[PDB]
Every structure is written in structure tokens, then in C-alpha cells.
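In C-alpha cells, one chain follows: the form deposited without this ligand.
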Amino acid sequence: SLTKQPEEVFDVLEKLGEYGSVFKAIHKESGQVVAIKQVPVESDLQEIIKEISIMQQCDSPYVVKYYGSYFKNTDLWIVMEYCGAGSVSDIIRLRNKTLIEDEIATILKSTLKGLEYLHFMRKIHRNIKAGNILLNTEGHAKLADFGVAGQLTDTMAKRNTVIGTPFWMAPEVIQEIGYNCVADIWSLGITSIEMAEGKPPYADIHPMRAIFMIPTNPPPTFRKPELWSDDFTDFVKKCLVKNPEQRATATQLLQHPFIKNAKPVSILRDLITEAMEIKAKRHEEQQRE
């Protein structure tokens, strides 16, 4: 209860991916499957601790939860909510297939409920993108891997990590070099395009050229608007308002027709079965050698 070591509390299973390796595990006492990230002591712990604290302060079905921490041989074990389907980006990659409208609407609805919660608590995500939206085995989307306040003006190495990938940044974020809540909504719009087409606009363009273009150019649109309904088209248009003062909020977008008519998560069941089957299959093959 108070005496037993981490390996008596959790049955640690297969590595799931990647700062540090993330493993799947079962919390023995309650049977609940969890994810455990193992961070070596050499790491930037103060950055991790910042991230852990942000998680602890969140308590929402739409944000990945933190359960606690343990030490084992200099490594720090961070125990979190397990999302077995991986990220949206992973699901797209694994199945080699973009998401159809219904699928996007259903996921973005839960994503928007996450943003609304965060924005209500005066928090900003800062790195909204398909890669940071995670799905559990039930099809419930949850926000994860938040950015941190002041990340654009930290030391060079940590800062260049952010600047190096600017495709999801709102115009004002580039112009003012900071974030407000409303910046997440722009990123959501870019993410909706990403989920439908497989990449954000400017993705294949040199990052510094994208940084110049974002505040200069008109708002992005679908490459082929004819393939998409008016609700989806208009939803993206509302997200991608360049003037942050005129950009829809999370609460407002939750009443947009595209979102308000989202189908239940049951429509995601097959694509999650597929994504997970593909990930497990490649896992068998990778250890075969």
C-alpha cells in the first residue's frame, strides 16, 4: 500500500513509442490500463514538471489526465491516461487514409469541448494539431502535449523547436510573438484541413517562408472546396479569421452546424480497430528481427 515498489503497482507491457519512451501498463489493483512515460534523470526535468503541473490542474474528459509519478533507477515514471488509438495523425498515417467529414466533425466536437474547458480556466494549449489530439479505444478525443507559456522566447534550442514548425500558428502569434486562447481556434482550423487533406497548408514549404506568408496571405482554404460540404467549408472559414478579435470562440463553434450535428463516436469504431490492428501487426514484425 505504502511499501510496494512501482513494479508491484504496475504490470508494464509493450513500448508504445516516444521526451522519452512511453509504455502501456496495467494498474494491478484496479485493472485499469494506463500509459507510463519513462524519463531519464539527464532530461530537462523542470520542463517536464511544468507539463505535469499543467496536467494536474486540468480535470476534464477532454484532456489527457495525469495519475502520478514514481522513481526507478534515476528514471522518472509519469503515469497518464491511456489512449489506445494513438493520435489522429497516427491514425491517418497508419491507415494511410485521411478522415472523412463525419469523422472530423465527431473528433473536433470533443476537441472543441477540450479547448472550451481550457479557455474557461484561462489556459491556452498552444500546439493544437492532429498529432496532439489523442483517441482512446472508445473514440473519445482528448487534448495532450500542451505547449508552455513563453516557448517562443525560451533558450535557442527549445525555441527553435517551436519556430521550426510554424504551419499551425495563427497570424497574430507570429506578429506578436505570443499566444492568447483564440490562437488555438486558428490552429483547430488548420487541423481540420490537415485531417481532411493529410497536411496543413505550407507543409512542404520552407518554414521561414511559411512564417512570412501566414500573416501576409489570405486565410487558407481546402485545395478542392467542391469535395466538402458547406458546413465544413464555413466552419473552417470561421476558425481561420485572421483578425483574432473577430475569430469565433470554442463555445461559439460548438453551436456551428458542422459540429452541433456531429455523429456519435460509434462512427469511429472501425477506423480505430483498423489503426490499432495495423500498429500491433507492425509491432510483431519489428521484434521478429
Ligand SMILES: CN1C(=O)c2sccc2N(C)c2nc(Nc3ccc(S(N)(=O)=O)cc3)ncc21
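Start at 1 with the first residue shown and count on from there.
Same protein, other form: the form deposited with this ligand bound, not shown, and the subject of what follows.
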property	result
Heavy atom within 4.5 Å of this ligand in the deposited complex - the one residue of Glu116, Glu172, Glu103, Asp90 that qualifies	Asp90
Contact residue in the deposited complex, chosen from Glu176, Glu138, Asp145, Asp154 - any heavy atom within 4.5 Å of this ligand	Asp145
4.5 Å heavy atom contact with this ligand in the deposited complex for all of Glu18, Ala35 and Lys279	yes
Interface segment, criterion being heavy atoms within 4.5 Å of this ligand in the deposited complex, picked from 80-88, 203-211, 190-198, 176-184	80-88
Close approach of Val22 to this ligand in the deposited complex, 4.5 Å, heavy atom	yes
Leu112 within 4.5 Å of this ligand in the deposited complex, heavy atoms	no
Residue contact check: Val162 to this ligand in the deposited complex, 4.5 Å heavy atom	no
Heavy atom of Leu94 within 4.5 Å of this ligand in the deposited complex	yes
In the deposited complex: members of 128-167 within 4.5 Å of this ligand, any heavy atom	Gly131, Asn132, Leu134, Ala144, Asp145
